[PDB]
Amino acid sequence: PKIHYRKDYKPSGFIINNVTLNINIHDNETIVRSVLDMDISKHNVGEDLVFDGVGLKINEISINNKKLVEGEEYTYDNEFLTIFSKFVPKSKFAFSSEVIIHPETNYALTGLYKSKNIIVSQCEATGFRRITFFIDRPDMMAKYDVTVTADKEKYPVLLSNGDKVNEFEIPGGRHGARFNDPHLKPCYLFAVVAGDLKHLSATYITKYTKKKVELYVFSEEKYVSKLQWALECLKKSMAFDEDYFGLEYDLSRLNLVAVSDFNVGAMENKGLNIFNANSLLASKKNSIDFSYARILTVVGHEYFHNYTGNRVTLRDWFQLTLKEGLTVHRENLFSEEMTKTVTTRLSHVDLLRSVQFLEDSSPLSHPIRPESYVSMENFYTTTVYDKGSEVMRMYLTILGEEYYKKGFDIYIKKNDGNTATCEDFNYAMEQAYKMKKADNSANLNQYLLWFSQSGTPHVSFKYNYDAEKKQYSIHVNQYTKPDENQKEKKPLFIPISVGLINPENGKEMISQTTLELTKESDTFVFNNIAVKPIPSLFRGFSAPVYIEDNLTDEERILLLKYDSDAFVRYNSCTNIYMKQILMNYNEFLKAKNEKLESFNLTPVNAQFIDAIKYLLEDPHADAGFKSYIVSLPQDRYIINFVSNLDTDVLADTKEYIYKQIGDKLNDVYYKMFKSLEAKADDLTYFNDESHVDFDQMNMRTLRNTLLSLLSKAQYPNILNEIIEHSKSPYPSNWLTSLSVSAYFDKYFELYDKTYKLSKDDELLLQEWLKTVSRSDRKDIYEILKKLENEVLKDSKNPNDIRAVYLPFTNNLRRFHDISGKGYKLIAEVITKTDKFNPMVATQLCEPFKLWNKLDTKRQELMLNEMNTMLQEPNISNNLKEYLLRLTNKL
């Protein structure tokens, strides 16, 4: 396998200044003519001119209008076009190619492809080379003049980046449109779209310069009624970047386009953002609640890339976190501001501490700036994105809002119109830091270890209180486990946002303060502390770490009740659950291993249950927050604390704990389920796709969480509630009805009822598939076969394949069936999918990431399947690299 190393970056010996494309779409072929206005750079040493170009059929190649011939002036091996150095000019030259590509057969959804009746591109990271020849790396920045031609009836809307400067008719029922994008860009930001698209539009006026910007959102005709919320979210995004960052949009027009077939969420192509339809389109009668926050976040993210990625781009792909971590942090500030609910930040944290922490203790562990790769596409990871966002967020915590905004403006301005590296960002932040500290010798050199050091730090605490002196100390230690990337791990710069709670009255005892831990250990002392406090640690989840609070459960319950910080209250609850889960898991495991005839289980703490009841009964407490407290920690979080995990024992553990709590609280749960109905299900705004009440949504979330707990419990006559719930106008509720009906004989009636409600909207049907896939059914494998035969069939749509299989892989009892049948099922899907879409096939490998955390029989079963997949003939490079790394061969 072919390996790139971060330290080996060098600038090209060539420059591409202008790109002039003609993309002529026909039924059975697309012809791409391209003129590159090129030159030799100051780094040239008379090397061969080598272009990336994958799967292209050459019609012609020339330099300065001299035809070049294969075997004489060039070679082409279907990956690289090499122009021998003797035929490479020494000054400004025109390189011309014409190639034929086939979007109609491109099922990998990279390069130029067909999605239903739309032709669309996806170029990040390495797709532009599947369109035409290029030096396809992000430091090759150029300006683009793009003409698209097509059949007018089929493809009446033609789009590429930038200003539309002409439109023209062509004989034989064709037409064309020409675009000029004035902004220098890397080729990964190139896009083109051709389709029978409908739109909604609005005009936005920029806050400071009063520039009129035309905003267009596009879909296929069937779904144009589903565009409004995205348009609204775009306006919101624009205003947020103006308001917080002082950043205005920089073209006369911005287009967003939904396509049905897309490998990931969306893409920030300049002036022409392209979305998975599932991340752009919604309506309140045909989408679940969660669609709304997803569209807000994805529109926002792609918008924020207009500065953090587009106006300031990447020197090389090792810098990916500089655009993705920073953009996710911007996205997260935006969504926290727009929703005004504490659950938004909690959701981010839950994502990190489950999936990213698992990744960071897996064989795939990498620093947010990797040192090497084979397919760049495998490093679009939750590490680079979500840990990167937390590292980008820590600057804000450290500097505070005012000095953070100063540093960010230093960065964005210095590096405008150019490439940048992670070091450029740290330098900007370090200038702000100097200013904030009033000290020109202060530096953030140690901060750079957040970019280079893999693994999750562990931060642990000890406390002491001197009652005579009224003086409190917090002794803090950090540790990172050695790994394949570093045999010796250095201490990080860890900001610890802290409060102190008086346990006798529940009140705050200090101004919140942010402790800067920079050594392996340190002791922070507080004076004028009138009584022994309970510390409120890592408020807001102030660094991406494992926290060992060394608190008793009684102290944790007091924080849950009385602290101000949602994260700390939620984490204190999480920690109580984790202590219980590990204890009960150990008890079940020992009983199983020793084949005991009888044994004991530690009961759930009764004062903790009382605290849950108190918070649920408090009408002034937050519904979203309540839904987090009645749910156990996710399985992927739990697994970070158990080695050789027996998944059946864990399933039994979780069931015990849920039943202990329900035995005490189910009447409370039922009473709340009923009492929340009127406000949860009020139809205010049901016809308004410009406004979402996120509090009301959290009330539905809470009802639906309670209904699941009551259903699993077989609470008396709950089936009557499930049936009434199925009649609700909200899809979040009627699809819940299907899920929770799993525990009753009514499931197949609700399966059919909901299928009929879902089948005529593509995205609703995919939400129905997810609902079925995740259902807690003993007969889930027969259900999956039913979905394969009746609904999924031969679909190559990644949303369909993901909907049918991923939820099922999170079924702890059934996916991990000790036969290995679950592993075998998903591995066959992965291998099948890899033959046409390697990126999606790698996505589908997610369940295997934890393989070396399982009990030794399940490890062996997973490993067996992974090595079977590795033996498949013509396995993609994407999948092969992934699986070699995951199985500790690479």
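When you see a residue number, it is the position in the sequence shown, counting from 1.
The PDB entry records a higher mean C-alpha B factor for 433-441 than for its counterpart among 433-441 and 486-494. In this entry, 585-593 has the higher mean Cα B-factor, the comparison being between 585-593 and 273-281. Residues shown: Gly388, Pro89, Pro103, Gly540. Highest C-alpha temperature factor in the entry: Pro89. When the Cα B-factors of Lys469, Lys323, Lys143, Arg393 are read from the PDB record, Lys469 comes out highest. When all modelled residues of the chain are sorted by CA temperature factor, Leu559 is found within the lowest third. Looking at the C-alpha B-factors along this chain, the one for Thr20 belongs to the lowest third. When the CA B factors of the chain's modelled residues are split into thirds, the value for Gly246 lands in the highest one. Compared with the other modelled residues of the chain, the Cα B-factor recorded for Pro533 ranks in the middle third. Ranked by Cα temperature factor within the chain, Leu189 sits in the lowest third according to the deposited record.
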